[PDB]
Structure formats: structure tokens, C-alpha cells
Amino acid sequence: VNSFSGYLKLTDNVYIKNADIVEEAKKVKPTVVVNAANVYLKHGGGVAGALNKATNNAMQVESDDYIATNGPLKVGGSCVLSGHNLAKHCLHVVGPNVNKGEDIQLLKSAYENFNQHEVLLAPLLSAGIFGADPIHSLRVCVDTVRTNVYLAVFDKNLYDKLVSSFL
């Protein structure tokens, strides 16, 4: 039993809710929140911009130190950093950005990072400003993640479409 509330169950291990991941993280304080990161951990907009703003830029400060030490992530890769005031940990995961020309096949690799964590609060990878089809992102999520994932979908119209078209 965990603290997530109001989610629709899609599968044994995948759940979905129309919610702002920032407000959801602040309420649940999950062990792991997933950030829709880029390889440079520059949290300028989208989910990443929103999560970083909610940390009063502490996420960005920590991220800049991480990059100065380790260099950029790989597309499809991830790193674990602090969750600051939002969660115990933040799993920064780099889904491919279609608006940069990156291979959509890397989306499965991106979701594989979730399997290293028993329970996660997460957005749909590569959706929104990363330019992929969210219906597809959801299919890959369900077919790749085996741990317990709670998806927060910001847009109500998108959420209703995701549920009504789910196979």
C-alpha cells in the first residue's frame, strides 16, 4: 500500500492520473520523481522547468555541479540526484527530443531506467516539448516498465484521450 490517490489502473504496474507533477510531488513526497531531463540537465522549460522552479533553482545548482564533474548524460540515459523539497530522489531521464532529430527507438532505453526503482512518480517521456506522440510514449512505458509507475499527465484533454485510446 502506498500514498498515490485518484489514479486509473492501466495494467498490473502502470497507473495514470490527470495531475500537475509538481503539485503531485509536493503532496505525496514520493521516493522517486522522474524529471524529463536533457543531456545537459538544463531545466529551462516543460516538466524540467516546472520541477526546477518548485525547488527555487536548487535542482539547477545541483545539476550544474553534476555536469561539471561528469559531463552530459546519454540520450536514453539517466542519473539519480536529490529530490529537494519534492521527493527523496529525482531520477533525471533523457527521452529523445524529436524536435532535435533524435531516434525515437531510444524511448525504450529511456524507460528501462525506471526498472531500477520499485515505485516512481513520472511524466510521459518524450511528450510535450520533446515532440513525441504521448499515446506512443504510453505504449512503450507499459511494455517496458515492470516496476510500479504513477504517471501524472498535466493536460486534461490529453489524459482523456490517453485513457480512451489505451489498448
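Numbers for residues come from their place in the sequence shown, where the first is 1.
(request) Tell me which of 93 to 101 and 71 to 79 has the higher mean C-alpha B-factor in the deposited entry. (result) Result: 93 to 101.
(request) Would you mind comparing 103 to 111 and 49 to 57 for me and telling me which has the higher average C-alpha temperature factor in the entry? (result) It is 103 to 111 that shows the higher mean C-alpha B-factor.
(message) Considering every modelled residue of the chain and its Cα B-factor in the PDB entry, is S137 in the lowest, middle or highest third?
(response) CA B-factor rank for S137: middle third.
(request) Please rank the C-alpha B-factors of the chain's modelled residues and tell me whether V28 sits in the lowest, middle or highest third. (result) For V28, whose C-alpha B-factor we compare with every modelled residue in the chain, the answer is the highest third.
(message) Is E118 in the lowest, middle or highest third of its chain when residues are ranked by C-alpha B-factor?
(response) Its C-alpha B-factor belongs to the highest third of this chain's values.
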